[PDB]
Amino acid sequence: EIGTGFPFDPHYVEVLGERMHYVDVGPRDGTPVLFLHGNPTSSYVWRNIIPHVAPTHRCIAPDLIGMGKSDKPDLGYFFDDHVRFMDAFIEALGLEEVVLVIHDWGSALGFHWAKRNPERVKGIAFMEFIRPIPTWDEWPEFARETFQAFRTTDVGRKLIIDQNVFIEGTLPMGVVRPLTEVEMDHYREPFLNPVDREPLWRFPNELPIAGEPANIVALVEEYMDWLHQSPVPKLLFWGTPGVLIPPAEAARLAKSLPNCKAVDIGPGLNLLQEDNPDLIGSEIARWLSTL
């Protein structure tokens, strides 16, 4: 059984003139656990992880601006927009020290925030995260042609914005098991209108692959260097074959990053939370108890 329900009351905070939605469960005191989704998901991707953590820790899981149940202003949705909005979210809630649980573009936000606030980060659990991809040869072959098309001027927007391919095709292709129509409807909901799909297109165009965009390569290189030197507790989840993090990369990272434990979740692509949520939540819980 992998549940499809989303049993969390909505919470809203005004951020930069916009309303961000977030899950907020678990006890009120202690160090909070901040869950950051990426593309094209929402806090829904955490729905089956949170129940393992909420017994002992506050769980905060925002919807990135432009996604989930957060407001959808008409922005460019550059990565820097997300940085600013997430910076504002974290300050609006008065968070001081945090534990990060981060995935895909949420990992770029989390690592970049950690680099800038190293004293406030007590631990980082991460999976299928943004790292530099020097050559397309490192991108999974089955996925290469479409992601190259996503990163084109016209074809890319036709696929993602007009035809909604990132939601209808790429998202299920990021899960080994078949996503159900109930799960798919939850993921479709925020993007039923083409005009709301800009974030879905800007994100693959900011992936640091083969040196571009250079400014994002730089930012990602910066926080990977910080991660290699930081003593912060680290917990890495990976699967086979993965997408961003293939098994060989995961093994390398388990040796090169300090204080890093790596967990094999079995078959997985990008949305590892959808293929083995029970292992991922139970391991985060036991890791949290030893911090």
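Start at 1 with the first residue shown and count on from there.
- Comparing 210 to 218 with 138 to 146, the higher mean C-alpha B-factor in the PDB entry belongs to 138 to 146.
- When 61 to 69 is weighed against 250 to 258, 250 to 258 comes out higher, by mean CA B-factor as recorded in the entry.
- In the deposited coordinates, the residue among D80, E198, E183, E119 with the greatest CA B-factor is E119.
- For the set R188, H112, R84, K158, the maximum C-alpha B-factor listed in the entry falls on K158.
- Residue-level temperature factors show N205 in the middle third of its chain, judged at the C-alpha atom.
- Sort the modelled residues of the chain by CA B factor and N164 lands in the middle third.
- Among the modelled residues of its chain, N48 has a C-alpha B-factor that falls in the lowest third according to the deposited record.
- For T153, the recorded CA B-factor ranks within the highest third of the chain. Only modelled residues enter the ranking.
- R28: CA B factor lies in the highest third for its chain, per the PDB record.
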